[PDB]
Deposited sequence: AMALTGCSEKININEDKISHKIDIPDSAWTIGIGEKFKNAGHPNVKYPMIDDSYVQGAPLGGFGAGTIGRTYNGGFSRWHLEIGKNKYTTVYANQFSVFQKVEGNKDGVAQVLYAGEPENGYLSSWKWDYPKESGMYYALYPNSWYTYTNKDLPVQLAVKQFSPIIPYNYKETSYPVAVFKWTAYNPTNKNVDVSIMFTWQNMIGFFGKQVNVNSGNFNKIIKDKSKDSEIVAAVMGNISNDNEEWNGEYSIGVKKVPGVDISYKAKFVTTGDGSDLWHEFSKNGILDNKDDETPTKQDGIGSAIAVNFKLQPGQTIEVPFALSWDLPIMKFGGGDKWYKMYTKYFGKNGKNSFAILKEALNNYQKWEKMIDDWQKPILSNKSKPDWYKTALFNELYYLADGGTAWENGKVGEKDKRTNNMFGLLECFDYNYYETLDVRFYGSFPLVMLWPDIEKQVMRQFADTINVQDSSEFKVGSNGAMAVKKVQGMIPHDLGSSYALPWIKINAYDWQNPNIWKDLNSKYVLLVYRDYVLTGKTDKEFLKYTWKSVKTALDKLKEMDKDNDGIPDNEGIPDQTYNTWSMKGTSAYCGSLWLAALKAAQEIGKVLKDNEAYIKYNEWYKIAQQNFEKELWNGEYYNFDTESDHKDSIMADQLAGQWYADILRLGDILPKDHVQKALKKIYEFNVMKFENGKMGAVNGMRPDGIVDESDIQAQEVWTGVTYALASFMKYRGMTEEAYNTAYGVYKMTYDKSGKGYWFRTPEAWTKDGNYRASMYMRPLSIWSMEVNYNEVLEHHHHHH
């Protein structure tokens, strides 16, 4: 490996061998069907709301999130980079697809598949990833840096449906070598969203944009239809000329054939036919190819950028609503703009790399932080793009000021912005894209007084329940299978209108968003204040025994819904105390004296009673009335965690919080698989896991990272990082279970998982407050 020295990969990049088999991978631990796409994954390409494309560490374009809200795992084999090399003095060169695999059927059988093992590495530090190719049959060593312009405090480039592939080639030998790099792509119009005739009318064109010191050559793969539908649009691939390289292309090869129409050209001398052909296809799949060819002398390096763009302007949800995607603000809505997007990337990618470096540098340059922590911090951000992200720029046929946004809980539980989950998972948004975060919270504020009296059948027990109660915050903002933003509370497994935690979490999120954006946004507090007061006032009505605290009912009524809480619980009770303190503070900011006095009075009574009912001398009891009331809960002081972040001070005595956190480390972490897998949710005082429910026996990855941040804030530095380390190890390490770029909600002691590709572990960013 002589190429690494010619590129700059950070030491904290996650690494794996190209073609590496992983032996220890986990699988779903539930009886019901659950997504398991394997460990062959990678960092995604594409901006927020653009649809994303997962290119895996084996080189394949395999995890397709282009249909917003859906996860489709299938390798499109025509989509590849390939290389040709010929040493000066040899009769023949060699050609090789840079993919560690081969097609299942006989399509593309002429291509050289099965990129060999131990011949290159994949690296990832989101939004960047890299491949290096160090192969005994390829005298010239190659590397590529691939990324999309995902940039904090930038709502423009961050939205773009584009990726850049910056190639570096170096000749460490003492002979001249001819080299070609080829990008192939299938015309994927009709891959989704088209009910019949899936390739019909697809056609490919070549664009040559020649100006001074810019030549770009690109293929635009579109359809002859000018219809404005979810399925229609364009893909483009292309390259920018650099000194010392020539460009060749092939506009049309058949992907549903043996591929030799293209490969006989490339494998001879790395130079394509330059054949244009705009003939539309009928049943056959078609694709395009863009190549560069160059000669490298001994010791010579060259850099050449390729790009990929996709203009699919309309997203459609299962309930029928069609919306324009955010990037259409910058490029248009007609679906004929892929070249414009590609050109912007090829002319500006160096600027974008520097913008990414500028945001990563403060963390990467901090030598007090271990590299593993940086690995997790950056790579967990994959989910912001990969989580079915929806970001609208108008309803099809509709202009408003704001652009609604949603991130999925996950794909198995296909709900947008699940409130309980975003209480943990929304840290990167408030910290790095706060205008999005505040928009999402205004969306929630708008729902507070919505009433929908129609009943639905509750999944868990078959009871009928009211859809949406006035004054109760919704569980979620809809599903991609239905009507995101329009039809809320798509979730039906339980009834969230009786939950005792959501209204408090909502209030805490509001005050968080004010505090973490500088305590200056009084207009945001003004917009949300009525909903805050409503939320707390409705919760107060659920105090049955008049101790000042809403009562858990011993039936599903908070996020740990099968792990029953009854009476006053540490979890809901602490969240309540913190929400009351937050609302007092908002009251002072907005000069709402009567609110300040009321919530101060409620707070004083509740705090007193919480302490008497639950403090046992070592930790806070799980609750007052369950059979498992003395369980040590990892999340017992979630309200105090958020109070630290919101700078609300002590809601509980410092000494008791310290004892509680120490107990949690001692038990839930260190007595669970030797502290190497995170914090199990529930443990009995005898040191054995609470077996009263499956949820108690799970580590929740996002709960564990949040607990680590709480420990960190309280000065328990070793315990904080040791606690978080288990989650990193399980996710990314060779000794873990192979969950990179699909971090799940939970695992059990065997390492097997529930709900891969989950929002909650974005909570690692609470460690950066």
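- Message: Counting from residue 1 of the deposited sequence, where are the gaps with no C-alpha coordinates?
- Response: The deposited sequence has unmodelled segments at 1 to 15, 414 to 415, 787 to 799.
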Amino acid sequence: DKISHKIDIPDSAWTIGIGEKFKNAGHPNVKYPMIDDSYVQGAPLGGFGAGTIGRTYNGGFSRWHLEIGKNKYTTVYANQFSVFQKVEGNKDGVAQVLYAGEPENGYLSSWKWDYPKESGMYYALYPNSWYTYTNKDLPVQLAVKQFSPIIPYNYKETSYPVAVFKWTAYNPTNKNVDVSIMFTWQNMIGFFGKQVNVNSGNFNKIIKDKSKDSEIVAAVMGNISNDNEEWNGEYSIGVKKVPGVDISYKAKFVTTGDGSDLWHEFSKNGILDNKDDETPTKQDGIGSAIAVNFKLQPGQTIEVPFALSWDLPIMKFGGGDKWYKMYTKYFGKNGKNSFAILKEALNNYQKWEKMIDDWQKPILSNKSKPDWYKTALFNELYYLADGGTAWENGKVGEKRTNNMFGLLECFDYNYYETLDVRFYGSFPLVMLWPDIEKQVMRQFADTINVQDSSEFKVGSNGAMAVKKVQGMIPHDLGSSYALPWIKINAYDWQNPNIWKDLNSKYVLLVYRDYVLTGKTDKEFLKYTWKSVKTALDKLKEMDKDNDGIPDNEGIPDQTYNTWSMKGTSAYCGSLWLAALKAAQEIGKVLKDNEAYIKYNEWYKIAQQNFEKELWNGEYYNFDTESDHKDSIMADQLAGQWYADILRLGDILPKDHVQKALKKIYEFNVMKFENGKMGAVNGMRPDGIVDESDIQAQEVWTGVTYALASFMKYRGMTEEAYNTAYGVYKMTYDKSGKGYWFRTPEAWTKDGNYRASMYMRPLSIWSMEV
From here on, numbers count along this sequence of modelled residues.
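- Query: When the C-alpha temperature factors are averaged for each of 575 to 583 and 173 to 181, which stretch ends up with the higher value in the entry?
  - Reply: Comparing averages over the C-alpha atoms only gives 173 to 181.
- Task: Select between 496 to 504 and 549 to 557 the stretch whose C-alpha atoms have the higher average B-factor in the entry.
- Result: Mean CA B-factor is higher for 549 to 557.
- Out of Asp644, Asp321, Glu409, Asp686, which shows the largest CA B-factor listed in the entry? Spelled out: the listed residue with the top C-alpha B-factor is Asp686.
- Out of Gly736, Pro33, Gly47, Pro744, which one has a C-alpha B factor higher than all the others in the entry? Result of the comparison over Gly736, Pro33, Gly47, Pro744: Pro33.
- Lowest, middle or highest third: where is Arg760 by Cα B-factor in its chain? For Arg760, whose C-alpha B-factor we compare with every modelled residue in the chain, the answer is the lowest third.
- Would you please rank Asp543 by its C-alpha temperature factor against the other modelled residues of its chain and give the third it falls in: lowest, middle or highest? Ranked within chain, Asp543 CA B lands in the highest tercile.
- Task: Would you mind checking where the Cα B-factor of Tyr249 ranks among the modelled residues of its chain, as the lowest, middle or highest third?
- Result: Answer is lowest: the recorded C-alpha B-factor places it there.
- Message: Using the temperature factors of the C-alpha atoms in this entry, rank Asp627 within its chain: lowest, middle or highest third.
- Response: CA B-factor rank for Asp627: highest third.
- Quick one: classify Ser288 as lowest, middle or highest third of the chain based on its Cα B-factor. Lowest third.
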